[PDB]
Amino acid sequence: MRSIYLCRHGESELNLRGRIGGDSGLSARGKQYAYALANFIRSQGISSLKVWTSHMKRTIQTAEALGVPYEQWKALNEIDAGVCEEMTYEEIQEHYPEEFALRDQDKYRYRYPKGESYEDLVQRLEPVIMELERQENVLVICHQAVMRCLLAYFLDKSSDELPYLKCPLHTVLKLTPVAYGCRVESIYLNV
């Protein structure tokens, strides 16, 4: 039976430092998770697993720790925050006060100045989902907003539930598509 493993990149510099978006590398702890992930995968004993990542350094560095070939997707790249890229929630409140609240009205269709929205991201992911269906066993090392859209698809969640799906760092969601839908198991790798 096939299964799709979804998880985020290891903790990044910006993650640890309190900032969103950007293209930072893995933190010391992030690298540790990469090795923990490699251990978990090997533990699964999967037949010919294909590893997918985005173009972001964080996803790549995580895959590098798997010692197996990985395919890069520009579509798996994290949502563009635009003007408030690499900013903290406090900086966003200070420099873009009305935008911060505008989001609360509709987090799915909300779009940051010069950036994407969850609705946009869902659309940009269409190609990936298509391929995900054609594959057997796949490990998609991605991002928060991305993992939420992917998860929402397989778990048939509404556009409302989507922006609030649990996609923490160092947690691998193993989806096993079945007749009634798709089973899910949460594996937290503590490092």
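For every residue, the number given is its place in the sequence shown, counted from 1. Only the largest set of C-alpha atoms that superpose within 1.5 Å between the two forms is called the rigid core.
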{"property": "Farther-lying stretch by C-alpha RMS in 4 other deposited structures of this protein, rigid core as reference, of 13-21 and 177-185", "result": "177-185"}
{"property": "Average Cα temperature factor in the PDB entry - higher stretch of 49-57, 153-161", "result": "153-161"}
{"property": "Comparing 12-20 with 174-182, the one whose average Cα B-factor in the PDB entry is higher", "result": "174-182"}
{"property": "Highest-ranked of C142, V122, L37, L139 once sorted by CA temperature factor in the record", "result": "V122"}
{"property": "Residue with highest C-alpha B-factor in the PDB entry, from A75, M87, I79, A101", "result": "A101"}
{"property": "Lowest, middle or highest third - CA B-factor, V191", "result": "middle"}
{"property": "For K114, the third of its chain into which the C-alpha B factor falls", "result": "middle"}
{"property": "Position of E71 among the chain's modelled residues by C-alpha B-factor, lowest, middle or highest third", "result": "middle"}
{"property": "Chain-wide C-alpha B factor ranking for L132, given as lowest, middle or highest third", "result": "highest"}
